[PDB]
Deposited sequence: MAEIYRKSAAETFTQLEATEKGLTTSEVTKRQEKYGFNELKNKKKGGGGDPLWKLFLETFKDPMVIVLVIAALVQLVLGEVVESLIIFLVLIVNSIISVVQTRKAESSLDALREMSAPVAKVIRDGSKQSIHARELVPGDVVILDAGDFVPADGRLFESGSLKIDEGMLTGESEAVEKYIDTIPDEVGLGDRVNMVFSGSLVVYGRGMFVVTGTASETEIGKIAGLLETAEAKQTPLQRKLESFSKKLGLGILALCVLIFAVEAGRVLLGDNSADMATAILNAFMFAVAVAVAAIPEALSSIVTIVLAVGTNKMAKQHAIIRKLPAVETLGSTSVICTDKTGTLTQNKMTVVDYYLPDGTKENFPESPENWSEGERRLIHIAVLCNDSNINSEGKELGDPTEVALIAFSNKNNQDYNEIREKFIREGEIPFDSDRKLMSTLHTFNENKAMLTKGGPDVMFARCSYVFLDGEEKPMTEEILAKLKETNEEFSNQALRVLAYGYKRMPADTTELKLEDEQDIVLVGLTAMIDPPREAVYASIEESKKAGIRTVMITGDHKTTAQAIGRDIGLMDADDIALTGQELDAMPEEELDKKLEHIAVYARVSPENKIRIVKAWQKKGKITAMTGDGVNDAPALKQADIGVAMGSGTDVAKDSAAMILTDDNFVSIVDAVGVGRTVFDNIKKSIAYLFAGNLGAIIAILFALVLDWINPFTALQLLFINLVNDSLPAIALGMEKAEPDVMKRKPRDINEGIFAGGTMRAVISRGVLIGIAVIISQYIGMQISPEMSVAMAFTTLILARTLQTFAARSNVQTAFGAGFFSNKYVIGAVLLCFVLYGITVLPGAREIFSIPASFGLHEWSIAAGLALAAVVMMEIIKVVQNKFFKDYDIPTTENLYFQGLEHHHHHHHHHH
């Protein structure tokens, strides 16, 4: 933090310390100022905040009224569903608290400090600003500080930039302001030293470090409300107000009837009927099993994602994946596989589009290029498949193995007879080999230092290079590779005296050049198709990487996010933009490059500020704040534990196409939830229509609270779940993300609910009337029969809004068939001689009256299918039915 622009001396005078260390008294004094070098809503009376839900208020009042009326067991049943669904909400809030853990067991446990004039190892938590720390290879950087002594020091800063490659450190003052990854004279707590010796003065400990800033970012990330959760809140308020209006109307009708009517009835009988009708409508309108059924449908979605090795922690998260509009992705490790890979090559004697795959189909230039790439390196791959060596060198033996040439056969056939190690100030490596009684020296390295030592080229024979069209073409192709962000290596050999047994450093001149290679961190194979798949779904994909701008533009230009000559925003350029300017430039970036961990969480917050449900995919500590802040965080299975604990879905097999698949799965989840809710309320609406009609005509209440509770809880639970198991619709994933403000009955579902409900109600009204011709008790049995059987049979009509049961496949959904058969068993249980008076079914209720009621239910469901088929064959633009 602006320390890297100062010299070591200025930083020393700022911390009031020298390079010979601190004394014990000064260290104790600074420990009181700074503290030790370490990091550091939920409450179970929230069970009371579950009682702010209107449906809960309605059911609590209905339960108390029934308590007063003497209906105790149905009051107890209501209290059971209340207690249960409340704990269904508490289990959704409690687990999110262990996501607020910030488990940093990756901090360094030891510090190698100079104190009192003596080098000693201390607990790293005891470090303080001004301490002089020594770094050696394999040590973990214990605190942030400014280097003042470096001996070829190289550190892995993959926790801040996402790149596991070691960066070289230098003690020089950085004159200009550069991004966080390019702070060459700064070391950061949490990183791992790879090579060299170092010595730095601590400038930051505890939460005043870059990793401490990451911990603070994780802390501030607060959970969002789910789109389904918002839709259900708004609908619950509407249902509560409506029910309150119906109850006021019930008391109004009862009071006007006793006031402006026949004196026969009592005030007591009228007030009791008013209460019974109000409680009946209250229970009938509320789908008491809704949150439970929704949980089961969500579970089916998360299991379908689990078969693809995508483990979703929270159940509602799968539905949120369906409403995704922006997918922010990290590059290294996420879009790619963090695997250096040969992608292009150049041979002067003919370059092909792709390198051939038969080792015997190759040209002599191709076989010599492969032999030099394999024999001039020390990397290896064992039988298990573990890679050992520099990833640049493992890229070459992986290239040979990819093209059906086992690198081991070449290492076994040509043995190493002498080597020159790779020098830093002489980026070059040579090995000595005997090729069919001819000794040769193989040599490889970067084109800049290799062209200066090449005096021959391998075209047809061994030929001297002319500057025009040979060296100029080589430099043309090298800089063309650099424009595409490719690491280039030049290869060559030298025929050697047959008496040589060792290589000398004076023998690395007049080399015969063979060819060139170009390697990059390539995207995953499924990335191209997934990005196109998400574009068809109305999903914007943004790339947020800590890698360099050139690499981040080359990729992204390759995966279909950037056209040629499109620029990527940098963390340096981003930190200088205020939020208002970023709000106006946010929708026109596609790639951010070389960003800090705070930049990612800032972009994700900005996209959420646009109102978009955002997903963030990542694999490292630099993504963790953005993974926790995002609406849905997806971590790579091969990523760090910090990002996995911060994410909501984890791709165990690193299968990138799972993300888009999750969106597709999520979309069908919500579609099926909509189906189930529409199925549930269509039944409730039919019940309300039957009760209110019985009210305005002064009939007996067609239903009992115990009957309504039994239908809404036991009979209608399996059919709603079965509707939850419905196949994905054909044109899903061709659709745009749903609006968050969209209602839960939007898009023809409201029309479907009212049509099916009115039909069920008319069926119950006619059924109750027919039963009313015998006795009031017979009318209750027939109204209950028609209601429960029309709700059972409606499942066929509720499977789809645009397709009859016979059309989709009458047996295409086997869970619906089993559900209807099981509900028939339920209705049969209600008429068993023991449970008849329980369900208010008189002894005289026979197969004749049952036949009439069941026929009415079946006729109503046939009318639902007829109305649907007329609506979708003749009014198919905006589906609306008539007849």
Exercise for the section: In sequence order, name the stretches of the deposited sequence that have no C-alpha in these coordinates. Expected result: 1, 42 to 49, 893 to 911
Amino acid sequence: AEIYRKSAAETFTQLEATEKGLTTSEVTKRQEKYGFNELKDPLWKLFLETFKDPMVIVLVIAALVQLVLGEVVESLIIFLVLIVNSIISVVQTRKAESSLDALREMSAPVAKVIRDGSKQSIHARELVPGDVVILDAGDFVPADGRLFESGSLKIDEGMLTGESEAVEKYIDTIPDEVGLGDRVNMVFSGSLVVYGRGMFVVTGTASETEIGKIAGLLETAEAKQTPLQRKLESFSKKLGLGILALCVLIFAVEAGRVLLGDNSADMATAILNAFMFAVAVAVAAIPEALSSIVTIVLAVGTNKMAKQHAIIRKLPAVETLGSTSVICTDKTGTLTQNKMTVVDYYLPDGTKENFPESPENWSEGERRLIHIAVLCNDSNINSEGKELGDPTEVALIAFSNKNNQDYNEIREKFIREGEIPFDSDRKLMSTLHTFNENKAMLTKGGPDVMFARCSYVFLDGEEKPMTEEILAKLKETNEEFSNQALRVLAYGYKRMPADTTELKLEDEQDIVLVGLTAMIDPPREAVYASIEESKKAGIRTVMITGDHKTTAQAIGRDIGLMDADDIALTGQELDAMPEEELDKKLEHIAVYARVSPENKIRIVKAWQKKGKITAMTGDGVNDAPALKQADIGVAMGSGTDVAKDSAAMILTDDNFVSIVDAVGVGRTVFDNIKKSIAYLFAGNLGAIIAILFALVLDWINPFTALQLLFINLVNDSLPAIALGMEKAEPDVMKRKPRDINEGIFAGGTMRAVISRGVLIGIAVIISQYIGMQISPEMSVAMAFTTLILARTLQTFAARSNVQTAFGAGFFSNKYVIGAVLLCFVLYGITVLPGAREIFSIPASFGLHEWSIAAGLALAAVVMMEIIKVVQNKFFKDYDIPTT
From here on, numbers count along this sequence of modelled residues.
Handout entry: Per the entry, higher mean C-alpha B factor between 562 to 570 and 249 to 257
Key = 562 to 570
Exercise for the section: Averaging only over Cα atoms, indicate whether 503 to 511 or 323 to 331 has the higher B-factor in the PDB entry. Expected result: 503 to 511
Completion exercise
When the entry's CA B-factors for 759, 415, 660, 586 are compared, the highest one belongs to 415
Handout entry: Which of 845, 839, 824, 44 ranks first by CA B-factor in the deposited coordinates
Key = 44
Completion exercise
By the entry's values, the third containing the CA B factor of residue 864 is the middle
Fill in the blank from the handout: residue 49: CA B-factor among chain residues, third -> middle
Practice task
Taking the values exactly as deposited, rank residue 197 by C-alpha B-factor within its chain and report the matching third: lowest, middle or highest.
Solution key: highest
Practice task
Sorting the chain's modelled residues by C-alpha B-factor, tell me whether residue 609 ends up in the lowest, middle or highest third.
Solution key: middle
Completion exercise
Assert third(CA B-factor, residue 37) within chain per record equals middle
